[PDB]
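Participant: The structure follows.
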Amino acid sequence: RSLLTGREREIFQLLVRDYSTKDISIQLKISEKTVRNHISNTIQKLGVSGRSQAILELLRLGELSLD
């Protein structure tokens, strides 16, 4: 079992790829407000200061790839 849902992991894998929250919402077919709230929720779960430190935490945990 993971610390993220499949959806949360897919959102952060697209931030690694320099997608805007607007691009991400289109690709995953959800609202941009929901993309933002997922990101906020993960930031709080990981205890980190923002999106950059969320990405680096999830790379350190083996949840994301650099590519």
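Residues in the structure tokens are numbered from 1 in each chain, the chains being A, B, ... in the order shown, and ligands are numbered from 1 in the order shown.
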Please provide the set of residues having any atom within 10 Å of range 22-32 of chain A, restricted to only C-alpha atoms, with same-chain residues fewer than 4 positions apart removed, written as an MDAnalysis selection string.
Facilitator: chainID A and resid 7 10:15 18 36:38
Participant: Taking N, CA and C atoms for each residue, export the selection above as a compact mmCIF listing (two decimals), in the first residue's frame.
Facilitator:
```txt
# COMPACT_ATOMS: atom_id res chain seq x y z
N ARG A 7 -4.36 8.64 -8.05
CA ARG A 7 -4.67 9.96 -8.66
C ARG A 7 -3.60 10.97 -8.22
N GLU A 10 -0.35 10.38 -9.91
CA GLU A 10 -0.40 10.83 -11.33
C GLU A 10 -0.32 12.35 -11.40
N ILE A 11 -0.99 13.07 -10.50
CA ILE A 11 -0.87 14.55 -10.50
C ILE A 11 0.61 14.99 -10.32
N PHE A 12 1.30 14.46 -9.32
CA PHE A 12 2.69 14.86 -9.02
C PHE A 12 3.62 14.37 -10.15
N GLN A 13 3.40 13.20 -10.76
CA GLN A 13 4.24 12.78 -11.93
C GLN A 13 4.10 13.80 -13.07
N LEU A 14 2.93 14.42 -13.26
CA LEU A 14 2.77 15.48 -14.27
C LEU A 14 3.40 16.80 -13.85
N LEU A 15 3.35 17.20 -12.57
CA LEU A 15 4.12 18.38 -12.12
C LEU A 15 5.61 18.14 -12.42
N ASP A 18 6.45 19.40 -15.73
CA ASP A 18 6.27 20.85 -15.94
C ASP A 18 4.86 21.15 -16.49
N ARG A 36 -5.65 21.24 -7.60
CA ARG A 36 -5.08 22.11 -6.53
C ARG A 36 -5.32 21.54 -5.13
N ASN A 37 -6.54 21.09 -4.81
CA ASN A 37 -6.89 20.55 -3.47
C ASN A 37 -6.14 19.24 -3.23
N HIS A 38 -5.89 18.46 -4.27
CA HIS A 38 -5.11 17.20 -4.10
C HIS A 38 -3.65 17.51 -3.72
```
Participant: Neighbouring residues of range 39-54 of chain A were defined as those with any atom within 10 Å, considering only C-alpha atoms; residues of the same chain fewer than 6 positions away were excluded. Please report them as a PyMOL selection string.
Facilitator: chain A and resi 3-5+8-9+11-12+15-16+21+60
Participant: List as number ranges by chain the protein and nucleic acid residues near residue 17 in chain A, meaning an atom at most 10 Å away when only C-alpha atoms are counted, but skip any in the same chain fewer than 5 places from it.
Facilitator: A: 12, 65-67
Participant: For the selection you just gave me, I'd like the residues written to a file as an mmCIF file, in the first residue's frame, keeping N, CA and C atoms.
Facilitator:
```
data_model
loop_
_atom_site.group_PDB
_atom_site.id
_atom_site.type_symbol
_atom_site.label_atom_id
_atom_site.label_comp_id
_atom_site.auth_asym_id
_atom_site.auth_seq_id
_atom_site.Cartn_x
_atom_site.Cartn_y
_atom_site.Cartn_z
ATOM 1 N N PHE A 12 1.300 14.461 -9.324
ATOM 2 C CA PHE A 12 2.693 14.856 -9.020
ATOM 3 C C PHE A 12 3.625 14.373 -10.150
ATOM 4 N N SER A 65 9.169 9.115 -10.671
ATOM 5 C CA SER A 65 10.440 9.115 -11.441
ATOM 6 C C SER A 65 10.741 10.537 -11.888
ATOM 7 N N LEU A 66 12.017 10.816 -12.109
ATOM 8 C CA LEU A 66 12.535 12.113 -12.613
ATOM 9 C C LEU A 66 12.036 12.407 -14.042
ATOM 10 N N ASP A 67 11.686 11.360 -14.792
ATOM 11 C CA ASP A 67 11.297 11.419 -16.227
ATOM 12 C C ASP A 67 9.783 11.619 -16.349
#
```
